[PDB]
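First, one chain by itself: the form deposited without the DNA, in structure tokens.
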């Protein structure tokens, strides 16, 4: 499931970025072999996420948009609570697949909480100082 999610998220991004998604671009972006991509694409095709360049069905597009959103939100989350920027991508890449929608939605409210009043960010930063 996680792997399928990484493929769909990547395909969505490529289509939005280049207008198309090639097996070759998919393979490179995911650091995998084209044989693994072809196999995965056939599975996604079977499950109706896309059609074998390759075009996403409405189902793959809705899921892709959501996966990209999930990624972006999780990066903002760690960024806001002060995680070293260089560590953020790798952590989001691992946890993004293991968070229920309830957790994603709650994390979304947390981000909004800190975004609607900068004093709150200042208050959270102060705690980091005490901890130090």
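Positions refer to the first chain, counted from 1.
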With respect to the deposited sequence, how many residues separating residue 52 from residue 53 are not represented by coordinates: none, 1 to 3, 4 to 9, or 10 or more?
-> 4 to 9
Is the mean CA B factor in the deposited entry higher across 27-35 or across 93-101?
-> 27-35
What stretch has the higher average Cα B-factor here, 104-112 or 16-24?
-> 16-24
Here the Cα B-factor of residue 70, set against its chain, lands in the third termed lowest
What third of the chain, by the recorded C-alpha B-factor, contains residue 87?
-> lowest
Could you say whether, by C-alpha temperature factor, residue 79 belongs to the lowest, middle or highest third of its chain?
-> lowest
Here the Cα B-factor of residue 117, set against its chain, lands in the third termed highest
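A second form of this protein, the form deposited with the DNA bound, is not displayed here; the remarks below concern that form.
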For the chain shown here without its partner, which stretch in 81-89, 98-106, 28-36, 59-67 has non-hydrogen atoms within 4.5 angstroms of the DNA in the deposited bound form?
-> 28-36
Report yes if any heavy atom of residue 23 sits within 4.5 Å of a heavy atom of the DNA in the deposited bound form; otherwise report no.
-> yes
